[PDB]
């Protein structure tokens, strides 16, 4: 393509925003300044992301382009790319491209980034066999047969599409990093062929059988979060794993993890785990997620001295004291458990986020010296006191203590009872099996602020 003679920049690039950008690239003072083909023929790269471009009309005269960035714009038609056969790399994520037919003869492409578009038919990719990087997430792709001849691919991402059939991946044995998350995949048997895989991300699919992973011994990163896993026996073979995400599945038996001592991050939340003994040797762990299981005994955590992040919320834990040795902890979440004694938490001097609501905590004094705290959760405690004798008039000590050691006055007291520090008193005409009170006290520890609140049940025995 050539402009016959010199033309105003704003006549070649009809897009207002692209005309401005090209005025700067082409060293001119305004958009109506004329330019020659020889000026145009100098442009070899173009960074034009984030400029509100709607049309790339004019780009066809930039004959020597090898790399372009038009990401984060409002492109629909990419026809002007069709003849730009010196293009090696294209960044075009976050546009409204529906038709990629203009890419079909760009056979020198080694990188093509097209995520976040309106792409369905990828047949125009089929002859782009020099590609080593290809990013197609967040489109409406259901057929990846066009990928089958892309035998130099090292990195491939098509997460957030509607793919069921992975068979076209079979011959892509140079793949090292693959992401197929948020598709409609159940059968990952073709993945057994991809023995060079180092990273496999496959969250939010319908995978129950992971036997095909058994020979993928080069895997260092694996994510199967949001699947239907139960038997993870195959993972024992994956001795190079350092980062493993298995959250939101149906796993109970963790024995296959026990030899995976390279692990530094391990997500196991939302499963069926009641025994974490097999985790005890994973001493390189800095992050461990165990929320939403059926844990009571967490004693096997005590040796994991490198943990800086730990989740335990939604379990059946009464004894939190195994965390006392995890002196590097910076964030600890254990909301919805049955913990009453937080004396052990005085040890976690570097703690910054402490999330402890919906437990049985009555006394904040062991937390008083934790001044690196910036986020704090103490709402909605509840516990039941040891019973006391039912009588016509019943008096109990209030036992809710603030961080200062001062008793916190009840907010409400059942059965018309009253408070005179330190005693809560009820006049009880007829026998009742229990009485109760609530408390609600804003509090700050360091720079972390919450409402320390709860409901206290007092059984009365006759």
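Positions refer to the first chain, counted from 1.
If you average the C-alpha B-factors over 313-321 and over 68-76, the higher value belongs to 68-76. For the segment pair 166-174 and 84-92, the entry gives 84-92 the higher mean B-factor, averaged over Cα atoms. The PDB entry assigns its highest CA temperature factor, among 398, 393, 436, 420, to 420.
For the set 233, 387, 269, 214, the PDB entry puts the maximum C-alpha B factor at 387.
When the modelled residues of the chain are ordered by C-alpha B-factor, residue 135 sits in the lowest third. The entry lists a Cα temperature factor for residue 111 that places it in the middle third of the chain's modelled residues. Among all modelled residues in its chain, residue 243 ranks in the middle third by Cα B-factor. For residue 16, the recorded CA B-factor ranks within the highest third of the chain. Only modelled residues enter the ranking. Looking at the C-alpha B-factors along this chain, the one for residue 149 belongs to the middle third.
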